[PDB]
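Okay, so here's the structure we're looking at.
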Amino acid sequence: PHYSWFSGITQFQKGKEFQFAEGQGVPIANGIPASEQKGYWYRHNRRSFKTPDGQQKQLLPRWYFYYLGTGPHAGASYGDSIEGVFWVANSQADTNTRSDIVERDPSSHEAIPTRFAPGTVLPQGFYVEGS
């Protein structure tokens, strides 16, 4: 239902907290200025796969990025406390105002690989889908 502009981040190690240092964590993309680098990572939790027989196979969480004012919690203000939401912003962004970046329309744009500014420390126990 909610299309992220970017590939997800999958947890592969239990017990590691999803987080970035303040100022870090917004995917970088051509065409998007630093002033629009504000948003949240949203946890797709309780994930499962139904095997051909009937093992309900549990999967670990995957997190997706949404620009501020878009996505599942498009109505939340930056910093609002919600389980499964982690807020991130570049220092040049005004987190008091919604993103000017429109929600992805899958019929017109595909998501792009998640990349970060060089020097961004990723949370341990997580890997970025699509490299």
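By convention in this document, the chains of the structure tokens carry letters A, B, ... by their order, each chain's residues are numbered from 1, and ligands are numbered from 1 in the order they are shown.
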
With 6 Å as the cut-off and only C-alpha atoms counted, what is the closest atom pair between each nearby residue of region 47-89 of chain A and region 95-104 of chain A? Distances in Å to one decimal, ordered by chain and number, as a tab-separated table.
```
residue	atom	partner	partner_atom	distance
A:67	CA	A:99	CA	5.9
A:68	CA	A:99	CA	5.2
A:69	CA	A:98	CA	4.8
```

Give me the residues within 12 Å of residue 118 (chain A) as a PDB file with N, CA, C and O atoms, in the first residue's frame, counting only C-alpha atoms and dropping any in the same chain fewer than 6 places off.
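selection-v2.pdb, freshly written:
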```pdb
ATOM      1  N   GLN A  24      22.530  11.772  10.320  1.00  0.00           N
ATOM      2  CA  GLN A  24      22.789  10.710   9.365  1.00  0.00           C
ATOM      3  C   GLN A  24      21.534   9.874   9.137  1.00  0.00           C
ATOM      4  O   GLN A  24      20.579   9.939   9.913  1.00  0.00           O
ATOM      5  N   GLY A  25      21.549   9.066   8.083  1.00  0.00           N
ATOM      6  CA  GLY A  25      20.492   8.097   7.875  1.00  0.00           C
ATOM      7  C   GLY A  25      19.475   8.339   6.761  1.00  0.00           C
ATOM      8  O   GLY A  25      18.657   7.474   6.481  1.00  0.00           O
ATOM      9  N   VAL A  26      19.493   9.501   6.124  1.00  0.00           N
ATOM     10  CA  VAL A  26      18.580   9.706   4.995  1.00  0.00           C
ATOM     11  C   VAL A  26      19.254   9.223   3.720  1.00  0.00           C
ATOM     12  O   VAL A  26      20.373   9.629   3.414  1.00  0.00           O
ATOM     13  N   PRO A  27      18.583   8.343   2.970  1.00  0.00           N
ATOM     14  CA  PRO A  27      19.183   7.880   1.716  1.00  0.00           C
ATOM     15  C   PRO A  27      19.546   9.061   0.845  1.00  0.00           C
ATOM     16  O   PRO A  27      18.787  10.033   0.838  1.00  0.00           O
ATOM     17  N   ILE A  28      20.675   9.004   0.139  1.00  0.00           N
ATOM     18  CA  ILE A  28      21.008  10.069  -0.800  1.00  0.00           C
ATOM     19  C   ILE A  28      20.526   9.688  -2.188  1.00  0.00           C
ATOM     20  O   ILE A  28      20.625   8.532  -2.606  1.00  0.00           O
TER      21      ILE A  28
END
```

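In terms of minimum interatomic distance to residue 92 (chain A), A:35 ranks closest within A:55, A:108, A:48, A:35, counting only C-alpha atoms.
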
For residue 124 (chain A): contacts at 12 Å, only C-alpha atoms, fewer than 4 positions along chain excluded, given as a list in words:
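Answer for this query is residues 9, 10, 11, 12, 13, 14, 15, 16, 17, 18, 19, 20 and 128 of chain A.
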
Selection from above, N, CA, C and O atoms, as a PDB file, in the first residue's frame, can you write it?
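Result saved to out_32.pdb:
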```
ATOM      1  N   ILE A   9      15.944  -1.942   4.381  1.00  0.00           N
ATOM      2  CA  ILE A   9      17.071  -2.429   5.192  1.00  0.00           C
ATOM      3  C   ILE A   9      16.562  -3.608   6.017  1.00  0.00           C
ATOM      4  O   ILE A   9      15.576  -3.499   6.745  1.00  0.00           O
ATOM      5  N   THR A  10      17.204  -4.754   5.865  1.00  0.00           N
ATOM      6  CA  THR A  10      16.746  -5.971   6.543  1.00  0.00           C
ATOM      7  C   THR A  10      17.572  -6.251   7.785  1.00  0.00           C
ATOM      8  O   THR A  10      18.794  -6.069   7.789  1.00  0.00           O
ATOM      9  N   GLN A  11      16.907  -6.670   8.859  1.00  0.00           N
ATOM     10  CA  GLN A  11      17.629  -7.087  10.040  1.00  0.00           C
ATOM     11  C   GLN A  11      18.013  -8.548   9.876  1.00  0.00           C
ATOM     12  O   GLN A  11      17.169  -9.391   9.575  1.00  0.00           O
ATOM     13  N   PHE A  12      19.287  -8.852  10.078  1.00  0.00           N
ATOM     14  CA  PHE A  12      19.712 -10.243  10.072  1.00  0.00           C
ATOM     15  C   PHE A  12      20.239 -10.710  11.430  1.00  0.00           C
ATOM     16  O   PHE A  12      20.345 -11.912  11.672  1.00  0.00           O
ATOM     17  N   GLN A  13      20.540  -9.768  12.320  1.00  0.00           N
ATOM     18  CA  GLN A  13      20.972 -10.114  13.678  1.00  0.00           C
ATOM     19  C   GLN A  13      20.017  -9.616  14.766  1.00  0.00           C
ATOM     20  O   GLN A  13      19.890  -8.412  14.989  1.00  0.00           O
ATOM     21  N   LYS A  14      19.354 -10.545  15.453  1.00  0.00           N
ATOM     22  CA  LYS A  14      18.440 -10.185  16.539  1.00  0.00           C
ATOM     23  C   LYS A  14      19.124  -9.386  17.652  1.00  0.00           C
ATOM     24  O   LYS A  14      20.292  -9.625  17.969  1.00  0.00           O
ATOM     25  N   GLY A  15      18.394  -8.439  18.241  1.00  0.00           N
ATOM     26  CA  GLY A  15      18.878  -7.722  19.410  1.00  0.00           C
ATOM     27  C   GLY A  15      19.666  -6.449  19.147  1.00  0.00           C
ATOM     28  O   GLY A  15      20.122  -5.788  20.087  1.00  0.00           O
ATOM     29  N   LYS A  16      19.832  -6.106  17.874  1.00  0.00           N
ATOM     30  CA  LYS A  16      20.520  -4.879  17.498  1.00  0.00           C
ATOM     31  C   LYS A  16      19.489  -3.787  17.254  1.00  0.00           C
ATOM     32  O   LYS A  16      18.499  -4.017  16.571  1.00  0.00           O
ATOM     33  N   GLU A  17      19.709  -2.600  17.812  1.00  0.00           N
ATOM     34  CA  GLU A  17      18.713  -1.540  17.687  1.00  0.00           C
ATOM     35  C   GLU A  17      18.886  -0.791  16.365  1.00  0.00           C
ATOM     36  O   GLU A  17      20.006  -0.425  16.004  1.00  0.00           O
ATOM     37  N   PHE A  18      17.785  -0.582  15.643  1.00  0.00           N
ATOM     38  CA  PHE A  18      17.845   0.175  14.397  1.00  0.00           C
ATOM     39  C   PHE A  18      18.011   1.643  14.741  1.00  0.00           C
ATOM     40  O   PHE A  18      17.151   2.234  15.391  1.00  0.00           O
ATOM     41  N   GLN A  19      19.125   2.237  14.331  1.00  0.00           N
ATOM     42  CA  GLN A  19      19.329   3.651  14.587  1.00  0.00           C
ATOM     43  C   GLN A  19      20.461   4.199  13.745  1.00  0.00           C
ATOM     44  O   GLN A  19      21.279   3.433  13.223  1.00  0.00           O
ATOM     45  N   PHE A  20      20.484   5.524  13.611  1.00  0.00           N
ATOM     46  CA  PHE A  20      21.588   6.224  12.979  1.00  0.00           C
ATOM     47  C   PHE A  20      21.935   7.384  13.896  1.00  0.00           C
ATOM     48  O   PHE A  20      21.105   7.826  14.687  1.00  0.00           O
ATOM     49  N   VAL A 128      21.559  -3.596   3.845  1.00  0.00           N
ATOM     50  CA  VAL A 128      20.769  -2.827   2.919  1.00  0.00           C
ATOM     51  C   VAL A 128      20.428  -3.692   1.719  1.00  0.00           C
ATOM     52  O   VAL A 128      21.325  -4.231   1.062  1.00  0.00           O
TER      53      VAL A 128
END
```

Test item: residues at most 10 Å from residue 45 (chain A), only C-alpha atoms, excluding those fewer than 2 positions along its chain, as a list in words
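Contacts, with the query itself left out: residues 42, 43, 47, 48, 59, 60, 61, 62, 63 and 84 of chain A.
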
Next, dump the selected residues to file, keeping only N, CA and C atoms, as an mmCIF file, in the first residue's frame.
```cif
data_model
loop_
_atom_site.group_PDB
_atom_site.id
_atom_site.type_symbol
_atom_site.label_atom_id
_atom_site.label_comp_id
_atom_site.auth_asym_id
_atom_site.auth_seq_id
_atom_site.Cartn_x
_atom_site.Cartn_y
_atom_site.Cartn_z
ATOM 1 N N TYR A 42 10.619 3.093 8.681
ATOM 2 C CA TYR A 42 9.386 2.491 9.148
ATOM 3 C C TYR A 42 9.545 0.992 9.124
ATOM 4 N N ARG A 43 9.259 0.346 10.249
ATOM 5 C CA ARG A 43 9.494 -1.077 10.360
ATOM 6 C C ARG A 43 8.304 -1.879 9.865
ATOM 7 N N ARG A 47 6.962 -10.173 10.025
ATOM 8 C CA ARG A 47 6.997 -10.695 8.691
ATOM 9 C C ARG A 47 6.984 -12.248 8.698
ATOM 10 N N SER A 48 6.375 -12.849 7.676
ATOM 11 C CA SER A 48 6.298 -14.303 7.557
ATOM 12 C C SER A 48 6.233 -14.743 6.097
ATOM 13 N N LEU A 59 10.079 -14.232 9.537
ATOM 14 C CA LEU A 59 11.181 -13.448 9.003
ATOM 15 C C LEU A 59 11.486 -12.272 9.922
ATOM 16 N N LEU A 60 12.733 -11.820 9.905
ATOM 17 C CA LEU A 60 13.102 -10.668 10.711
ATOM 18 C C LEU A 60 12.642 -9.397 10.007
ATOM 19 N N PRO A 61 12.560 -8.296 10.759
ATOM 20 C CA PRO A 61 12.015 -7.040 10.250
ATOM 21 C C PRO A 61 12.792 -6.473 9.065
ATOM 22 N N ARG A 62 12.072 -5.731 8.241
ATOM 23 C CA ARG A 62 12.677 -4.913 7.204
ATOM 24 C C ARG A 62 12.145 -3.493 7.366
ATOM 25 N N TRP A 63 13.032 -2.515 7.212
ATOM 26 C CA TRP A 63 12.696 -1.102 7.419
ATOM 27 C C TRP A 63 12.726 -0.355 6.093
ATOM 28 N N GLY A 84 8.489 1.299 15.886
ATOM 29 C CA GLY A 84 8.730 0.943 14.497
ATOM 30 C C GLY A 84 8.975 2.152 13.612
#
```

Running DSSP on the backbone, which parts of chain A land in strand (DSSP E), as an mmCIF file with N, CA and C atoms, in the first residue's frame?
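The result, written out as out-v3.cif:
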```
data_model
loop_
_atom_site.group_PDB
_atom_site.id
_atom_site.type_symbol
_atom_site.label_atom_id
_atom_site.label_comp_id
_atom_site.auth_asym_id
_atom_site.auth_seq_id
_atom_site.Cartn_x
_atom_site.Cartn_y
_atom_site.Cartn_z
ATOM 1 N N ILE A 9 15.944 -1.942 4.381
ATOM 2 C CA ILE A 9 17.071 -2.429 5.192
ATOM 3 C C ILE A 9 16.562 -3.608 6.017
ATOM 4 N N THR A 10 17.204 -4.754 5.865
ATOM 5 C CA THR A 10 16.746 -5.971 6.543
ATOM 6 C C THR A 10 17.572 -6.251 7.785
ATOM 7 N N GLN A 11 16.907 -6.670 8.859
ATOM 8 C CA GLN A 11 17.629 -7.087 10.040
ATOM 9 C C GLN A 11 18.013 -8.548 9.876
ATOM 10 N N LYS A 38 14.823 14.597 5.015
ATOM 11 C CA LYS A 38 14.143 14.506 6.305
ATOM 12 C C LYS A 38 13.033 13.489 6.176
ATOM 13 N N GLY A 39 12.879 12.626 7.179
ATOM 14 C CA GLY A 39 11.905 11.560 7.072
ATOM 15 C C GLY A 39 12.088 10.542 8.168
ATOM 16 N N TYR A 40 11.594 9.330 7.948
ATOM 17 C CA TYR A 40 11.671 8.302 8.963
ATOM 18 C C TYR A 40 11.851 6.948 8.302
ATOM 19 N N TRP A 41 12.466 6.022 9.026
ATOM 20 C CA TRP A 41 12.475 4.616 8.654
ATOM 21 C C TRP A 41 11.335 3.956 9.396
ATOM 22 N N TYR A 42 10.619 3.093 8.681
ATOM 23 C CA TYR A 42 9.386 2.491 9.148
ATOM 24 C C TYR A 42 9.545 0.992 9.124
ATOM 25 N N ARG A 43 9.259 0.346 10.249
ATOM 26 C CA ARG A 43 9.494 -1.077 10.360
ATOM 27 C C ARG A 43 8.304 -1.879 9.865
ATOM 28 N N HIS A 44 8.566 -2.707 8.867
ATOM 29 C CA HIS A 44 7.633 -3.738 8.472
ATOM 30 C C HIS A 44 7.937 -4.931 9.383
ATOM 31 N N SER A 48 6.375 -12.849 7.676
ATOM 32 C CA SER A 48 6.298 -14.303 7.557
ATOM 33 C C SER A 48 6.233 -14.743 6.097
ATOM 34 N N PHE A 49 6.452 -16.035 5.876
ATOM 35 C CA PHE A 49 6.276 -16.657 4.570
ATOM 36 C C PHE A 49 5.542 -17.959 4.813
ATOM 37 N N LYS A 50 4.533 -18.243 3.998
ATOM 38 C CA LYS A 50 3.811 -19.505 4.112
ATOM 39 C C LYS A 50 4.474 -20.542 3.217
ATOM 40 N N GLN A 56 4.654 -21.852 9.052
ATOM 41 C CA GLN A 56 4.658 -20.402 9.045
ATOM 42 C C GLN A 56 6.080 -19.988 9.380
ATOM 43 N N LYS A 57 6.802 -19.532 8.365
ATOM 44 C CA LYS A 57 8.212 -19.200 8.503
ATOM 45 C C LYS A 57 8.321 -17.745 8.938
ATOM 46 N N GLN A 58 8.867 -17.501 10.123
ATOM 47 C CA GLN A 58 9.038 -16.131 10.594
ATOM 48 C C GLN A 58 10.252 -15.475 9.960
ATOM 49 N N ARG A 62 12.072 -5.731 8.241
ATOM 50 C CA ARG A 62 12.677 -4.913 7.204
ATOM 51 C C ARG A 62 12.145 -3.493 7.366
ATOM 52 N N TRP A 63 13.032 -2.515 7.212
ATOM 53 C CA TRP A 63 12.696 -1.102 7.419
ATOM 54 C C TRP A 63 12.726 -0.355 6.093
ATOM 55 N N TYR A 64 11.764 0.544 5.886
ATOM 56 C CA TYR A 64 11.716 1.350 4.662
ATOM 57 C C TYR A 64 11.674 2.834 4.959
ATOM 58 N N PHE A 65 12.283 3.628 4.080
ATOM 59 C CA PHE A 65 12.375 5.070 4.320
ATOM 60 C C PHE A 65 11.234 5.821 3.656
ATOM 61 N N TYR A 66 10.648 6.773 4.385
ATOM 62 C CA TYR A 66 9.655 7.686 3.809
ATOM 63 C C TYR A 66 10.020 9.127 4.138
ATOM 64 N N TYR A 67 9.894 10.024 3.168
ATOM 65 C CA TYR A 67 10.129 11.449 3.436
ATOM 66 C C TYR A 67 9.090 11.991 4.410
ATOM 67 N N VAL A 85 9.217 3.308 14.225
ATOM 68 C CA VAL A 85 9.530 4.529 13.485
ATOM 69 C C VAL A 85 10.815 5.131 14.015
ATOM 70 N N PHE A 86 11.759 5.372 13.114
ATOM 71 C CA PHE A 86 12.997 6.002 13.521
ATOM 72 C C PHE A 86 13.239 7.214 12.650
ATOM 73 N N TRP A 87 13.326 8.382 13.286
ATOM 74 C CA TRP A 87 13.383 9.655 12.563
ATOM 75 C C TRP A 87 14.821 9.996 12.183
ATOM 76 N N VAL A 88 15.012 10.475 10.956
ATOM 77 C CA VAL A 88 16.324 10.883 10.459
ATOM 78 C C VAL A 88 16.242 12.179 9.636
ATOM 79 N N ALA A 89 17.298 12.983 9.692
ATOM 80 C CA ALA A 89 17.337 14.212 8.905
ATOM 81 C C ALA A 89 18.758 14.728 8.756
ATOM 82 N N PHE A 126 22.244 -5.242 10.460
ATOM 83 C CA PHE A 126 21.305 -4.878 9.418
ATOM 84 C C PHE A 126 22.041 -4.828 8.104
ATOM 85 N N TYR A 127 21.367 -5.200 7.027
ATOM 86 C CA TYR A 127 21.965 -5.024 5.713
ATOM 87 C C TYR A 127 20.994 -4.377 4.747
ATOM 88 N N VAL A 128 21.559 -3.596 3.845
ATOM 89 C CA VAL A 128 20.769 -2.827 2.919
ATOM 90 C C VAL A 128 20.428 -3.692 1.719
#
```

What is the CA of residue 107 (chain A)-CA of residue 71 (chain A) distance in Å, reported with one decimal?
16.7 Å

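Taking CA of residue 123 (chain A) and CA of residue 21 (chain A) as endpoints, the distance between them is 9.3 Å.
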
Which is closer to residue 113 (chain A) than all the others in A:83, A:74, A:29, A:22, using only C-alpha atoms?
A:29

Could you please determine the separation between CA of residue 3 (chain A) and CA of residue 112 (chain A) in Å, to one decimal place?
11.4 Å

From the set A:72, A:23, A:33, A:8, which residue has the shortest atom-to-atom contact distance to residue 119 (chain A), counting only C-alpha atoms?
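Under the stated criterion, the closest residue is A:23.
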
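Within 12 Å of residue 30 (chain A), once only C-alpha atoms are used and residues closer than 5 positions along the same chain are dropped, the contacting residues are residues 36, 37, 112, 113, 114, 115, 116 and 117 of chain A.
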
Could those residues be written to a file, using N, CA, C and O atoms, as a short mmCIF file (atom, residue, chain, number, x, y, z; two decimals), in the first residue's frame?
```
data_model
loop_
_atom_site.label_atom_id
_atom_site.label_comp_id
_atom_site.auth_asym_id
_atom_site.auth_seq_id
_atom_site.Cartn_x
_atom_site.Cartn_y
_atom_site.Cartn_z
N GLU A 36 15.76 18.66 1.58
CA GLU A 36 14.65 17.71 1.58
C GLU A 36 15.01 16.37 2.25
O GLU A 36 14.20 15.44 2.26
N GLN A 37 16.20 16.27 2.82
CA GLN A 37 16.60 15.03 3.45
C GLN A 37 16.09 14.99 4.88
O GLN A 37 16.82 15.34 5.83
N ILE A 112 14.59 3.11 -6.05
CA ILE A 112 16.01 3.10 -6.40
C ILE A 112 16.81 2.54 -5.24
O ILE A 112 16.32 2.50 -4.11
N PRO A 113 18.04 2.06 -5.50
CA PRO A 113 18.85 1.47 -4.44
C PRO A 113 19.13 2.46 -3.32
O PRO A 113 19.30 3.66 -3.56
N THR A 114 19.15 1.96 -2.10
CA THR A 114 19.43 2.80 -0.94
C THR A 114 20.93 2.96 -0.81
O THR A 114 21.65 1.95 -0.75
N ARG A 115 21.39 4.22 -0.80
CA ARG A 115 22.79 4.55 -0.62
C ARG A 115 22.84 5.69 0.38
O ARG A 115 21.88 6.44 0.49
N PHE A 116 23.98 5.86 1.04
CA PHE A 116 24.12 6.92 2.04
C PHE A 116 25.35 7.76 1.76
O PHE A 116 26.22 7.36 0.98
N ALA A 117 25.43 8.92 2.39
CA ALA A 117 26.64 9.72 2.29
C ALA A 117 27.81 8.90 2.80
O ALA A 117 27.69 8.19 3.80
#
```
